[PDB]
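Novice: sequence first, structure after; it's an experimental one.
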Amino acid sequence: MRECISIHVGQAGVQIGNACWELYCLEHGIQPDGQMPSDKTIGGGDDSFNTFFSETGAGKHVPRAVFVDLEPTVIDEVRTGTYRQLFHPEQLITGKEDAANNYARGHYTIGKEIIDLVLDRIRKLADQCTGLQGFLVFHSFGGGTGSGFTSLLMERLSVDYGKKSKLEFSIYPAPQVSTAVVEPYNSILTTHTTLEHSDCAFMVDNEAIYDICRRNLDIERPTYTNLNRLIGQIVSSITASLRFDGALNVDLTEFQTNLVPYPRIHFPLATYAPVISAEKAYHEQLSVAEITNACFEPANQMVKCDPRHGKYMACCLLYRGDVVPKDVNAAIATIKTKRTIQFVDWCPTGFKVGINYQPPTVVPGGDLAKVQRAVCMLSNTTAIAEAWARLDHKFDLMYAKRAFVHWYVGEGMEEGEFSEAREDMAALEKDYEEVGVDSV
Amino acid sequence: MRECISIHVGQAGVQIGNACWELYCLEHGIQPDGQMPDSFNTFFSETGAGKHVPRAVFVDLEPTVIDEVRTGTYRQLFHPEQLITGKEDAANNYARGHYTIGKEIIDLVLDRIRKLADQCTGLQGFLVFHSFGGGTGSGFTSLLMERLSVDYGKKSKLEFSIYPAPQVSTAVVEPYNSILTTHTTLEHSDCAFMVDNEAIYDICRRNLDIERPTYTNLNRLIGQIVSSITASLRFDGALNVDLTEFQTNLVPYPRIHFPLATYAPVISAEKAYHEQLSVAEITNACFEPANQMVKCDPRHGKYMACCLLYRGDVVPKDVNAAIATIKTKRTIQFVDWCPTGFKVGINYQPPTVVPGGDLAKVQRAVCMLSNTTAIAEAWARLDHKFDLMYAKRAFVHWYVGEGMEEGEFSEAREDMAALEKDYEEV
Amino acid sequence: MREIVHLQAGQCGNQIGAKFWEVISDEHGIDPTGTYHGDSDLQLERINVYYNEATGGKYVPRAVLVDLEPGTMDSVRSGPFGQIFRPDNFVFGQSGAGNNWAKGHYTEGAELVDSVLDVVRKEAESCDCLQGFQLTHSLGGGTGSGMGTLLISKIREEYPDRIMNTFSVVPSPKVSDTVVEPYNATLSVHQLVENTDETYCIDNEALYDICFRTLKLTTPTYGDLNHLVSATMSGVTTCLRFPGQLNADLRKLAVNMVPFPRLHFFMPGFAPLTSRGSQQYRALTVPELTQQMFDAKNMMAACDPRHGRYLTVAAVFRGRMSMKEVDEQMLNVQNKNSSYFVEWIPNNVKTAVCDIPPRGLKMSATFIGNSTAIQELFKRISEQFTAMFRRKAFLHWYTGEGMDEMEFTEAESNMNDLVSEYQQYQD
Amino acid sequence: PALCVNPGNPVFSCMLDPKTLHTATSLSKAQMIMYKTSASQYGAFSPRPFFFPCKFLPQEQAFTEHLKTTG
Amino acid sequence: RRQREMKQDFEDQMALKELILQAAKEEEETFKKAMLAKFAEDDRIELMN
């Protein structure tokens, strides 16, 4: 009785969700009819689907998902894919016409017409929940329904719900590679509405996933099947303390107590330590202490910021598999003795560990192998300050020559939100500068 | 928990690599899938279920000799990530080896060595070999010396160098890199000794009837040298002495360390029909200078420091009767201040036998070591034949054009002359 | 469910459209009489985007055809695919224009424009949720340039926020094929720079350069040249026609690549083009496409972009390909050539992939590049226009029947500012 | 199945039926119209994926009193 | 027993639903072929005149 609704927005939200709901169905016995297989099961006695499923009178199950898009084509494939019989036919909310890479269109003109339909449907899964914990926004930063339409959920989901712990998983635009040229306008104007309105906000750039695939594994040339399979592992490992029993149960509430110093500092990083190829997995031991010092590396941190620049603020660990609660307290002995990994002065303890029993599965055709031990390490670094200083220098080259603005003015958006949002993230960027200064 | 790391640098080094790793692969029987058909735990490291990995590196700056290694039989016996290759060939060039090309993979090699440093708990010695003859050997090994020393400082790093002959060589502007390496081996290694081995040309047909050899028939005996040095660490003995205990006794003056001797019964089956081998008789055969593996002579030199490695059916009675009876005769001139001149190590298990080599099956074997002033005449001959090219400035532009000076050329020689002025008084 | 209304203009417009509906039909798999007989249903699940449905599965293309000379309007009714357009939609003119633009705009242009508007609003009422409009014309003639400029001027009364593209045929720099062409061309652009949200530029001799050099076809007629450009105008409107991994329709291509609303003059090209000699020889991987689209030689508008700088570029990738491969191979065009890319935009390229390729190929791609090379084009006509205005050459064919001489000088100021607009954004 | 074996543009004559690739975990796929997201839900089940004990997560005794009232 | 008996009328209602959609498709295609025969007759009488 610990429900946890996941709501996905946009083309990044759908295609992460396809990899996400591949894995959730495969952990339990949900085949794409939704009926668990009949093996003349006398007992049954499994109530591990209840976080992400609801049991009907028949053998079916329905997920909690609210797939939302303004673009009808990518939501049309999940309508006629092999998961056609799984999702309830109304939960695949589509739009009527696309947003097309405009924050103004995504938030003012074409994103406002759909939203009166979805927010009824979140109630139809809210009332079914009994002890609902918090949501999971899956969204992007490039396009209109990822940047602007998600800006309009957060201004109305906060006042309608309040004390539910919302979490998100963005895809930050890279410092060097890019798909769109208009995206630094979107990525500043989306912070001002998600600084106040997202409780905890995980954030992963698509460069280190683009880098760790070509380097740790023996594979080259991946697509978004191989990126979103990796992100779909992280979302399962965070929530898995709600699904399967272990030694220390870190639910969704206790992360944000142990990871956020100040309410304006809630942007941690994320990693995944035993990512390895199945040709490569049986060569090396993957011990308890081999998956932590090979997790504090600067080469396997999923955002393009180097943590040898800033100093660590808070760290959280989520082990998974066959892990004794002893050797996680001797791996810390190797980390804290080093001089490379600096913690901030006012945080002596600086850790939060968690153990869970059930080892990860593999999807058939999946790049990462099966293991016995696995850990996801969420840390809060000061060195995330440079992932914005690389961005706003690509925003002044926009705005001081005043290019690409004539699209944004006539939609229903005035110019005053540009210079307000630039100084607003400049208020946030100064706040990281002061907490890293040592107090004597 | 008594690790040693081994290095096969050079075309001559991988022709050791066949031999030295064939004898490491028959000291304990190692299948080429790493599962045997806890003495191995120097080299290997057990994986999750059932595979063993040797932490030994073939470090060559051209992919050709590395892909010959991979097309050898031992494909998955050597794990390919440890072995260093380079996309652009250095080709004698210390500048391209050191500064320009090596700086992009130096972080990769250091990532690898700090990845296996967690296995490296009780490490007894980073054994290194290298030839001087190219950018396979000189520069990238040198930069590893400095960067590993500023990463730990304390750990054991040792080196048993390879040196050019006076008569023959592969490249002949190679004395540039030999002078540079004599300057730069003094800094960040505990030890630098004798795999200079020109005389293995003499030995491989003098004693074992195999005329027309390769480097490999020579380098069987270079591997057998390696076995005698590190086998006392690898196996329990009567009076075993490990490598840290070696380093705390081998080095009189902290910049003065360079000996000369052999593995003693380098004897084939043809002589092994008839020669009744004794510890005394084989060391009687050994003490003759003409069967050395350093082209020098301590018969007319001063037998200063010593060491002894014994394997097999060795008795303290036998070794001490030999010590006494050869200590008597002044056909060997002894040294001034040091009275005795012997130190002993004892091994139970007799050395393994590899087919396709010079040697034959032995009940037992002896060695020696004799650290003398007989490298002074060899460095004097290298002094005699280096200055001919630095008078008229050969090949300097190829070095200079990528990131160096004539200052390092004008400093390394005077540092080598400083080491000779260390050597001339003792 | 969202769809595009095709509409043509002129003898060049009709002859393009007869080979545009010739190449969209059997990629959807349609017989010459209008019954779907293709293999897989994936092409059927959104066939309504360019097609319309009737009794018994008889499909009707929804294109609106207008031309003033009925002697070449019947040439496409007698073609192989002439029997699929419903003959209510043929709007013929009883007399020709005479290649003066204002006849196509005032005297005999305004006579038919009540009827051409009658069929589109009858059609657009029958549309469900319309998205855009699609136009083909040449600038060089009063049948094509004059008629289209009167249509697009007062279609912005009724359909303002509908995303309009026009696929012009700009006159060639070496030989323009009409004597009194540049009066028509300079007067056309003033109705183009304020109305049309996008416009393309197809030089007629740059397609001749392709059959000169790349394809080296022996005997290319206009059937061959119309087929080379009709594939390009199929690649743009494709991500709403098939599913993809990262899709991009017309609105996402527009708001992501023009920086300023009177700076929208484009420059297209189509990537996989191979002669019969080199086709046995040619590599087929993803960087082999970056050779084709970013070759200035393979560019179907005349001016080479070495004389100017790009602002934003587009690259839609029809095929089943690795995403990283595209993304890795797009920075490596920016790095080795960074002098042809401006600095106040961080990244220039626009990425789009669609899974279903053109019928048979592995991969294919289309490039649309907004450049400052086109000011070297637009400087040419403005000089060419002044040589016939100051000495009043061929004046009386326009003055005595339409507007006075101010409209020429106003069209100079609408033209001279744009060339100064490109240059100010060049550095 | 060609537009023109040498049309003003490209052309190709082939059997789409054979233009299909089967899946050991699934079935053949019209390669001519190969599904870009074909892999999506394109696999064959294996208890091999099943890890160790099914030991799952549930709390009936909770409701036993929680679902019910109390003291 | 009751939890078993829900699935049988589940399966039965989906089976009969698939049957009635197949019947609807059959009558629609019979309609379409009747229309095509009428238009062929129309083409014939026009040509005869």
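Specialist: All right, it came through fine. Numbers count the residues shown, from 1 in each chain, chains lettered A, B, ... in the order given.

Novice: residues in a beta bridge with the closest residue to residue A:179 other than its chain neighbours, which ones?
Specialist: Leaving aside its sequence neighbours, residue A:179 sits nearest to residue C:351 (CB to CB, 6 or more residues apart in numbering or on different chains; 4.1 Å). (C-beta placed from N, C-alpha, C; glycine too.) Legend: beta-bridge partners of residue C:351 under DSSP bridges are residue C:315.

Novice: what residues does chain A have near chain D?
Specialist: For chain A, the residues in contact with chain D (CB under 8 Å from any CB of the partner chain) are A:1, A:18, A:22, A:26, A:31-32, A:45-48, A:50, A:77, A:81-83, A:225, A:242-245, A:357-365, A:370.

Novice: among those residues, name the buried ones.
Specialist: A:1, A:18, A:22, A:26, A:46-48, A:50, A:77, A:81, A:83, A:225, A:242-244, A:357-363, A:370 (16 or more other CB atoms under 10 Å in any protein chain shown).

Novice: ok, and which of these reach chain C?
Specialist: residue A:77.

Novice: narrow the buried ones among the residues of chain A next to chain D to those in helices?
Specialist: A:18, A:22, A:26, A:77, A:225, A:242-243 (DSSP state H).

Novice: can you pull out the strands in chain A?
Specialist: A:6-9, A:53-55, A:61-63, A:66-68, A:92-93, A:136-138, A:167-172, A:200-205, A:312-321, A:373-381 (DSSP state E).

Novice: picking that back up, what two of the ones in helices among the buried ones among the residues of chain A next to chain D are the furthest from one another?
Specialist: The span of these, defined through CB to CB, is set by A:77 and A:242 at 29.6 Å.

Novice: in three-state terms, label the residue nearest the centre of chain C for me.
Specialist: Centroid-nearest residue in chain C: residue C:167, 2.1 Å away (criterion: CA atoms, centre = their mean). Remark: residue C:167 carries the secondary structure label strand [criterion: DSSP: H, G, I helix; E, B strand; the rest coil].

Novice: who's it bridged to?
Specialist: Applying DSSP bridges, one finds that residue C:167 bridges with residue C:136, residue C:200.

Novice: surely it touches residue C:230?
Specialist: No - checked against CB atoms under 8 Å, the pair residue C:167 and residue C:230 is beyond contact range at 9.7 Å.

Novice: okay, now the domains of the chain?
Specialist: Since you didn't name a chain, this refers to chain A. A:2-268, A:269-383, A:384-438 (CATH domains of a matching chain).

Novice: could you do chain C instead?
Specialist: According to CATH domains of a matching chain, the ranges for chain C are C:3-257, C:265-374, C:375-425.

Novice: related to what we said a few turns ago, can you say which of the domains of chain A is nearest to residue D:8?
Specialist: Among those, domain A:2-268 sits nearest to residue D:8 (CB to CB), with 30.2 Å.

Novice: would residue C:414 count as being in a strand?
Specialist: No - Residue C:414 is assigned helix when assessed by three-state DSSP, not a strand.

Novice: tell me how far it lies from chain E.
Specialist: Here residue C:414 is placed at a distance of 53 Å from chain E (CB to the nearest CB, to the nearest Å).

Novice: centre-most residue in chain A?
Specialist: residue A:169 (2.4 Å).

Novice: please apply the same query to chain E.
Specialist: Within chain E, and using CA atoms, centre = their mean, the residue nearest to the centre is residue E:25, at 2.0 Å.

Novice: other SSEs contacting the helix or strand hosting it?
Specialist: For residue E:25, the element it lies in under DSSP states H and E is helix E:2-48. Packing contacts for helix E:2-48, counted by 3 or more CB pairs under 8 Å, 6 or more residues apart in numbering or on different chains; DSSP states H and E, involve no helix or strand.

Novice: if we ignore the residues flanking it in sequence, what's nearest residue 292?
Specialist: Because you didn't say which chain, this covers chain A. In space, residue A:292 is closest to residue A:331, 4.5 Å off (CB to CB, 6+ apart).

Novice: actually, chain C is the one I wanted.
Specialist: residue C:271 (4.3 Å).

Novice: what's the neighbour count on the nearest residue in space to residue A:229 that is not next to it in sequence?
Specialist: The spatially closest residue to residue A:229, leaving aside those adjacent along the chain, is residue A:19, at 5.2 Å (CB to CB, 6+ apart). Counted with other CB atoms under 10 Å in any protein chain shown, residues neighbouring residue A:19 total 22.

Novice: now do residue E:34
Specialist: Counted with other CB under 10 Å, residue E:34 comes out at 10.

Novice: so who does the residue of chain E found nearest chain A touch?
Specialist: Per CB to the nearest CB, residue E:10 is where chain E lies closest to chain A, at 4.4 Å. Going by CB atoms under 8 Å, 6 or more residues apart in numbering or on different chains, residue E:10 touches A:58-59.

Novice: would you mind measuring from it to residue A:41?
Specialist: To residue A:41, residue E:10 is 18 Å away according to CB to CB, to the nearest Å.

Novice: then residue C:43?
Specialist: Residue C:43 is 44 Å from residue A:41, where distance means CB to CB.

Novice: who has more neighbours, the two?
Specialist: A side-by-side neighbour count of residue C:43 and residue A:41, using other CB under 10 Å, places residue C:43 first with 19 against 11.

Novice: test my guess that the more buried one contacts residue C:30.
Specialist: No - using CB under 8 Å, residue C:43 is not in contact with residue C:30; the gap is 9.6 Å.

Novice: is residue D:10 in contact with residue C:360, as I believe?
Specialist: Yes - contact criterion CB under 8 Å: residue D:10 and residue C:360 qualify, at 7.4 Å.

Novice: of these two, who's got more company?
Specialist: residue D:10 (22 against 17).
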